[PDB]
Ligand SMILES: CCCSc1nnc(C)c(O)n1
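To begin, one chain is listed below as structure tokens, in the form deposited without the ligand.
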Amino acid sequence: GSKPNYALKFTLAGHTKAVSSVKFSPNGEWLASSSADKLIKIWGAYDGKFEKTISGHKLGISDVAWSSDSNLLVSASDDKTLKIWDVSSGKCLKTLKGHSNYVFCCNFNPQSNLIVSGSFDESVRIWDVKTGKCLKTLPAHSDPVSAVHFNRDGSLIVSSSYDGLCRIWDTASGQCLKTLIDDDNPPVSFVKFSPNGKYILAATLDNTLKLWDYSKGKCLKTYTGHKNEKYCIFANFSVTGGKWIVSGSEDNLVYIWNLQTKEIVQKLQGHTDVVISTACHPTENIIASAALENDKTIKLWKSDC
């Protein structure tokens, strides 16, 4: 139908501190969760079946991301490292050392030969997956880096920071192509490219999401009605059914907007803390949501539309 009807199917309990992020494997079979409890957990995407725990970080994890082939994870930790994991064995393949403060955010490129990382140390780093070596250090921002994402062909990196900037980097050279948002405030708490790489979805800590045309460098859409003044809350493009924007909120709800109309089409109620992270299943109308330390659970929601 014209609107989604997401309904709770499973609650996934196990993390002992705040959940930090959830991501669906590109092949659709798994959900990965990261937590302040220093653990990665793997769950069945369709039945919420707990699969395994992946251990090794010495401090809390802020982010976890999947390789294109669904075989590897990368995690970003307060221990100042990233770890590349073999999902099948649960083994740490590489520890990426270089950041001088907490690593907050990470992603593979589509090729999954590189990792990008953002840190409290105000830098973005680009890592070789095979060797685990740092290839480039970008002096990207003047405050913690909130998010990092590659575009569809891997040629660009978008970064955001508490410095109030969103910047787009040339992957090959590490040089800045443009500063898309250039305000002193508010903090830009999240950014990512649209699936086709033409747009950037950006969250600011004034309870606002915006969709930007990258090439033109102007705002096409604004989404409001949720609460976001404190946390780096993820936002998603939902594309399997109706074309939505999905975001957690500091009022403990998941918000779903019509992308084109900007109307709120659903609020998912159930979490008992801030919903820090949502993910959209790659083929099914399924949302995963995760909450901070008063809740510590992941919820799987399913919609007919």
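C-alpha atoms forming the largest set that superposes within 1.5 Å between two forms make up the rigid core. Throughout, we count residues from 1 along the sequence that is shown. Shifts are known only where both forms have a C-alpha.
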Worksheet, complete the sentence: Per the PDB entry, mean CA B-factor is higher for 220-228 or 145-153, namely for 220-228
Fill in: Stretch exceeding the other in mean C-alpha B-factor - 204-212, 97-105
204-212
Worksheet entry | Out of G44, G56, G242, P26, highest CA B-factor residue | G242
Response to the item:
The largest CA temperature factor among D182, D163, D79, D121 is found at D182
Practice prompt. Sorting the chain's modelled residues by C-alpha B-factor, tell me whether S70 ends up in the lowest, middle or highest third.
Written response: middle
Worksheet item: Among the chain's modelled residues, which third holds the C-alpha B-factor of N113?
Response: middle
Item to complete: Give the position of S62 by CA B-factor within its chain, expressed as the lowest, middle or highest third.
Response: lowest
Discussion item. When the deposited Cα B-factors of this chain's modelled residues are ordered and cut into thirds, is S289 in the lowest, the middle or the highest one?
Written reply: lowest
Item to complete: Grab the CA temperature factor for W85 from the record and place it in the lowest, middle or highest third of its chain.
Response: middle
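Just so you know, the form deposited with the ligand bound exists too; it's not on screen, but the next bit is about it.
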Worksheet item: For this chain shown on its own, do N196, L259 and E284 all sit within 4.5 Å of the ligand in the deposited complex, going by heavy atoms?
Response: yes
Worksheet item: Between the options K243, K52, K58, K49, which residue brings a heavy atom to within 4.5 Å of the ligand in the deposited complex?
Response: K243
Worksheet item: Though only this chain appears here, would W66 touch the ligand in the deposited complex if you measure heavy atom gaps against 4.5 Å?
Response: no
Worksheet entry | Contact test in the deposited complex: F237 vs the ligand, heavy atoms, 4.5 Å | yes
Discussion item. Can you tell me which of 108-116, 130-138, 187-195, 169-177 lies within 4.5 Å of the ligand in the deposited complex, counting heavy atoms only?
Written reply: 187-195
Practice prompt. Scan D128, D182, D206, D213 for the one whose CA shifts by 2 Å or more between this form and the one not shown after superposing the rigid core, and name it.
Written response: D182
Discussion item. Knowing the shift is 3 Å or more, I'd like to know if the C-alpha atoms of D184 and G225 are closer or farther apart in the deposited complex than in the shown chain.
Written reply: closer
Item to complete: Tell me whether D183 and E122 end up closer or farther apart in the deposited complex, going by their C-alpha atoms; the shift is 3 Å or more.
Response: farther
Worksheet item: Among residues found in both forms, what runs of at least 3 in a row have Cα shifts of 2 Å or more between this form and the one not shown after core fitting?
Response: 181-185
